[PDB]
Amino acid sequence: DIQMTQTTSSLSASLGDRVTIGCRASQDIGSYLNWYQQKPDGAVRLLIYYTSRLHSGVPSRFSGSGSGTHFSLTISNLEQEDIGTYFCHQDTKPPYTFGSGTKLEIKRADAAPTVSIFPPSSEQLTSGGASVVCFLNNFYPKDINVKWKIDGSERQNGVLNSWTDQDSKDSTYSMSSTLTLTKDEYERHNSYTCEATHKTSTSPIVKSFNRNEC
Amino acid sequence: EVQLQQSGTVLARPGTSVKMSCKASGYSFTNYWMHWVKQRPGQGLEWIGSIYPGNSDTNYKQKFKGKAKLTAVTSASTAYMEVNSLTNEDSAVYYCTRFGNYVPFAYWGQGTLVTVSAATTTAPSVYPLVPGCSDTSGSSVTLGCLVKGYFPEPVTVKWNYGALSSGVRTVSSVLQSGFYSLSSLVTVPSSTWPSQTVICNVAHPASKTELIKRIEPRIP
Ligand SMILES: CO[C@H]1O[C@H](CO[C@H]2O[C@H](CO)[C@@H](O[C@H]3O[C@H](CO)[C@@H](O)[C@@H]3O[C@@H]3O[C@H](CO)[C@@H](O)[C@@H]3O)[C@@H]2O)[C@@H](O)[C@@H]1O
């Protein structure tokens, strides 16, 4: 089969900048190379077909180039709506093959997170479990760490971290860190603290509560 | 106008088969090749095969001969794919997509997620995320829903039945010890909450559950 290789798996670029996404074929495929965009909700959209031809509702910012073996999709001036994963596709003849996609992120001005901490609900507690949640809202860049302290001691176990997709409108990220314990474990301690370290400040943003409600 | 409507998420045991569907509308079903494409997590896209509903001629990637079976029913304008001898490697989102004319895959289905597992369906537990008693302060409040211990994917979350969409942040699901969890948060003005019903709606298609969690102030 014809192996399609994308230059990079992920790309970050500022609004207005020129962005190129590369694809390479293991054999000469002439002009039979297509580009699709997949959005986070999994929706797939043809953008460029036959190397260089724009499809339905595709902005003139998009262009395509190809040598038969090396291809690229170019965005002249990156826009907010261009976030997504871009896949190449050769369709010379069966079997059709695809590149593994290039995820395109918007590079943004740095933004400090807004941090919130959530004690377990009474509802969860009465059922025997306890989750404490730390939520870091609207920051950039994506890279961020959350340290949990229980009664002043670091806890790494039972911690689950997850990010949102980059915000389609303002390019920020949010994330939550969930610390899971039994109710009995939870009630054996008083102080619950999450510390958010981000490049926007050399000091950690600290949010805490005391189970004694004071 | 052209639409490809695929069937819903499926949970299937290893060794069994699944048959998924792709209802086509807005064009002449019998005059276009319908192709099927497989997307495994972090593993690109893979072409499976194609069918021409007009004469039911089929093409397959060699790999999928005897593994995937493509059919079409003209009276129903529906294309089908049956994948047998299911393994973990068959856990994927499967797309149906229309080829031609003089363009490639111009129209795509929304995808059918297949989960291959021996584990039974488990509905999520939902818990409210409410600011602590000693929290001070702001003109906006951040509220949430913790969605825990469900299987298989996906779960969708919305707020006030979809009426609340601004300031909504839903993190990606995480797989831990055989079960998924996620959380959704919303920031609303201090005069909307606790003043108004802020409900998170949690849907889990696999268990056919549609849950609500009312977000209410803590007990004083
Ligand atoms: C321009 O490159 C882009 O187009 C190709 C896809 O093009 C192919 O699409 C249809 C097949 O689905 C095929 O056109 C045939 O179907 C129509 C009849 O239904 C006819 O116009 C045509 O029929 C035959 O195909 C031969 C074309 O060589 C022609 O001799 C005979 O009439 C067209 O090839 C995408 O891959 C590229 O992106």
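Neighbour counts run over all protein chains shown; Cβ positions are idealised from the backbone, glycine included. All of this is worked out from the model, or read from it or from the source named; nothing here is a laboratory result.
Residues of region A:69-99 being within 14 Å of another protein chain (Cβ to nearest Cβ) and of a type in the set (D, E, K, R), which ones? Answer for region A:69-99, where residues must be within 14 Å of another protein chain (Cβ to nearest Cβ) and of a type in the set (D, E, K, R): A:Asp91, A:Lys93.
Test of understanding: among B:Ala123, B:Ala92, which residue is of a type in the set (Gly, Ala, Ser) and in the same structural domain as B:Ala24 (by CATH)? Step through it out loud before you land on a result.
Values: B:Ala123 fails: in the same structural domain as B:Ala24 (by CATH).
B:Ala92 is the lone residue from the list that is of a type in the set (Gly, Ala, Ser) and in the same structural domain as B:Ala24 (by CATH).
It is to be established whether one or more residues within region A:13-28 are within 15 Å of the ligand (Cβ to nearest atom), within 12 Å of another protein chain (Cβ to nearest Cβ) and crowded, with 20+ Cβ neighbours inside 10 Å. Checking region A:13-28: at least one residue is within 15 Å of the ligand (Cβ to nearest atom), within 12 Å of another protein chain (Cβ to nearest Cβ) and crowded, with 20+ Cβ neighbours inside 10 Å.
Checking B:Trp36, B:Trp47 one by one, the residue that is farther than 19 Å from B:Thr9 by Cβ and among the hydrophobic types (A, V, I, L, M, F, W, C) is B:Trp47 and no other. When region B:92-109 is limited to residues that are of a type in the set (A, V, I, L, M) and at the interface with chain A (Cβ under 10 Å from one of its Cβ atoms), the one that is surrounded by the most Cβ atoms within 10 Å (Cβ to Cβ) turns out to be B:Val93.
In the condition set (1) facing another protein chain (nearest Cβ under 10 Å); (2) within 30 Å of B:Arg98 (Cα to Cα); (3) of a type in the set (A, V, I, L, M), A:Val133 is compliant with all but (2). Only strands (runs of 3 or more DSSP E) whose full extent lies in region B:98-186 are considered here, and the ones with at least 3 residues that are away from the ligand (no atom under 16 Å from the Cβ) are B:112-116, B:125-129, B:140-150, B:156-159, B:168-170, B:174-176.
Taken over region B:146-172, residues that are away from chain A (no Cβ under 11 Å) and either of a type in the set (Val, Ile, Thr) or buried (at least 16 other Cβ atoms within 10 Å of the Cβ) (or both) amount to 10.
Answer yes if at least one residue in region A:39-60 is away from chain B (no Cβ under 14 Å) and either within 16 Å of the ligand (Cβ to nearest atom) or loosely packed, with under 14 Cβ neighbours inside 10 Å (or both), and no otherwise. There is at least one residue in region A:39-60 that is away from chain B (no Cβ under 14 Å) and either within 16 Å of the ligand (Cβ to nearest atom) or loosely packed, with under 14 Cβ neighbours inside 10 Å (or both). The requirement of being surrounded by fewer than 18 Cβ atoms within 10 Å (Cβ to Cβ) and either touching a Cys at 6+ places or on another chain (Cβ under 9 Å) or without any contact (Cβ under 8 Å) to a residue 24 or more places away in the chain (or both) is not satisfied by B:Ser190.
Name the residue, out of B:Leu129, B:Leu143, B:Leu175, that is within 11 Å of another protein chain (Cβ to nearest Cβ) and surrounded by fewer than 15 Cβ atoms within 10 Å (Cβ to Cβ). Walk me through how you get there before you give the answer.
Details: B:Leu129 fails: surrounded by fewer than 15 Cβ atoms within 10 Å (Cβ to Cβ); B:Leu143 fails: surrounded by fewer than 15 Cβ atoms within 10 Å (Cβ to Cβ).
Result of the check over B:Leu129, B:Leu143, B:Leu175: B:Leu175.
Selection within region A:100-111: residues that are within 14 Å of chain B (Cβ to nearest Cβ) and either basic (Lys, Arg) or under 16 Å from A:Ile2 (Cα atoms) (or both). The member of this set that is farthest from the ligand (Cβ to nearest atom) is A:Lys103.
Residues checked against (1) touching a residue at least 60 places away in the same chain (Cβ under 8 Å); (2) within 16 Å of the ligand (Cβ to nearest atom); (3) surrounded by 20 or more Cβ atoms within 10 Å (Cβ to Cβ):
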residue	(1), (2), (3)
B:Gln3	yes, no, no
B:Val73	no, no, no
B:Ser77	no, no, no
B:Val83	yes, no, yes
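Residue count for region A:136-148, restricted to those that are crowded, with 16+ Cβ neighbours inside 10 Å and in a strand (DSSP E or B): 8.
Among the strands (runs of 3 or more DSSP E) confined wholly to region A:153-214, which include 1 or more residues that are touching a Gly at 6+ places or on another chain (Cβ under 8 Å) and more than 13 Å from chain B (Cβ to nearest Cβ)? Outline the logic, then answer.
Numbers: elements: A:153-155, A:159-163, A:173-182, A:191-198, A:201-210.
So the answer is A:173-182.
Residues in region A:109-135 that are buried (at least 19 other Cβ atoms within 10 Å of the Cβ) and touching a residue at least 60 places away in the same chain (Cβ under 8 Å): A:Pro113, A:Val115, A:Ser116, A:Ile117, A:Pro119, A:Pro120, A:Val132, A:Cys134.
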